[PDB]
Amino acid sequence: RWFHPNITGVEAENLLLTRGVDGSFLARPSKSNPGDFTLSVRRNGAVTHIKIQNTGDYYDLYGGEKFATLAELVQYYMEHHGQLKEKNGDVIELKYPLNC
């Protein structure tokens, strides 16, 4: 499913660009923050990367709605395509999970 425990950020880009479409996304372990996770999302033919905060009390994207589990966070943003914006602003839609 959408969770890939064994890939890097670069590997995530290669997958999405070769096996995904615009709107495809996956979750993977974080390099900058070992033990954490990161969303890798494809849009406009390019791959973008969103940090997932795990406080031990909840999951979020260092802001926005808080979630008890990683899966529910992902579920929420798949169901609310307008909630994840950069400050540009531009929307980043989690549409299609790229399965493992």
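Residue numbers run from 1 along the displayed sequence. If you superpose the two forms and keep the largest set of C-alpha atoms that fall within 1.5 Å, you have the rigid core.
**Q** Once everything is fitted on the core, do the CA positions of 16-24 or those of 80-88 lie farther from the shown form in 6 other deposited structures of this protein?
**A** After superposing on the rigid core, the more displaced stretch in 6 other deposited structures of this protein is 80-88.
**Q** Do the Cα atoms of 89-97 or of 4-12 sit farther, on average, from the shown structure in 6 other deposited structures of this protein when the rigid core is superposed?
**A** Between 89-97 and 4-12, greater C-alpha deviation in 6 other deposited structures of this protein belongs to 89-97.
**Q** Mean CA temperature factor from the deposited coordinates, higher in 70-78 or in 29-37?
**A** Looking at the recorded C-alpha B-factors, 29-37 comes out higher on average.
**Q** Can you let me know which of the two, 87-95 or 19-27, has the higher average C-alpha B-factor in the entry?
**A** Between 19-27 and 87-95, it is 87-95 that shows the higher mean C-alpha B-factor.
**Q** Quick one: classify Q53 as lowest, middle or highest third of the chain based on its Cα B-factor.
**A** Middle third, going by the recorded CA B-factors of the chain.
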